[PDB]
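# Observations on the model geometry
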Amino acid sequence: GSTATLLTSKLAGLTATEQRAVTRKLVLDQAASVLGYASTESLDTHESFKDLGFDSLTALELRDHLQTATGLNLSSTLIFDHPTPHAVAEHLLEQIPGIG
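Residues numbered from 1 in each chain as written, not as in the entry; some residues may be left out. Heavy atoms only, no water.

In the PDB header, solution NMR is given as the technique by which the entry was determined.

Right under this line is the structure:
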């Protein structure tokens with residue numbers, strides 16, 4: 001759906017664990033783009049987007065970022081369903097076709 005092959009071609013090179021790692025960096029990077037960052041400087045993967053400053057605004061463009069980033073289909077309260085970019089990145093594996 002939509003694309004997937006974009007990021008899916010990434011995870012194809014990883015194992016589920018490294019697939020976590022790569023978008024634990026991507027969701028992070030996106031969240032960074034949202035929040036005002038350029039190197040995920042003020043982010044955490046152990047801390048929830050709540051603390052990152054997301055809400056019914058930034059989470060929306062972040063969620064938007066993840067779907068744009070991955071090509072998969074995420075949701076409105078995505079990062080509030082999955083607390084951390086860690087929980088979200090692994091959530092991005094759930095979207096992945098078998099390889100993930």
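Okay, the packing of aromatic side chains next. Between two aromatic rings, the relevant description is the distance of the centres plus the angle of the planes. Counting across every chain of the model gives one aromatic pair. Positioned above the aromatic ring of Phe-80 is the side chain of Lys-50, whose terminal nitrogen or guanidinium carbon lies 4.9 Å from the ring centre. (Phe/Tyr/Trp six-rings, centres within 6.5 Å; stacked < 30°, edge-to-face > 60°. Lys NZ or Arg CZ within 6 Å of the ring centre and 35° of its normal.)

Between its first and last C-alpha atoms helix α4 (residues 58-70) spans 18 Å; for 13 residues at 1.5 Å apiece the expected length is 18 Å, and the two agree. Among the residues of α4, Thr-58, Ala-59, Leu-62, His-65, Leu-66, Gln-67, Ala-69 and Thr-70 are the ones counted as buried. Where α4 is buried, its residues contact α1 (5-11), α2 (16-35), α3 (49-52), α5 (78-81) and α6 (85-91). Of the residues trailing α4, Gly-71 is marked for its positive phi of about 95°. (Helix = DSSP H or I, 4+ residues; strand = E, 2+ residues; numbered from the N terminus. Expected span 1.5 Å × (residues − 1). Buried < 20%, exposed > 50% of the residue type's maximum accessible area, 1.4 Å probe, protein only. Contact = heavy atoms within 4.5 Å.)

Among the secondary structure elements, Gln-67 is positioned in helix α4. In this view, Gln-67 contacts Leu-72, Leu-74 and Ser-75; residues no more than four positions away in its chain are not counted.

This part takes up the pattern of salt bridges. Counted under the stated rule, the structure contains three salt bridges. Taking the shortest distance from any N to any O, the salt bridge between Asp-29 and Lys-25 comes out at 3.0 Å. Of the two residues, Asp-29 and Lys-25 are both situated in helix α2; the distance of four residues between them amounts to about one turn of the helix. On the accessibility criterion, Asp-29 (28% relative accessible area) is partly exposed. (Salt bridge = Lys/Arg side-chain N within 4 Å of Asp/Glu carboxyl O.)

Here we come to the environment of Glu-90. Along the chain, the position of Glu-90 falls in helix α6. Taking the relative accessible area as the measure of exposure, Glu-90 reaches 25% and is therefore partly exposed. Spatially, the C-alpha atom of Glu-90 lies 7.9 Å from that of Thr-23, the residues being 67 residues apart in sequence. Within the structure, the side chain of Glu-90 is placed 2.6 Å from the side chain of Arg-20, a separation counted as a polar contact. (Polar contact = N/O pair within 3.5 Å; in protein donor to acceptor, adjacent residues only side chain to side chain.)

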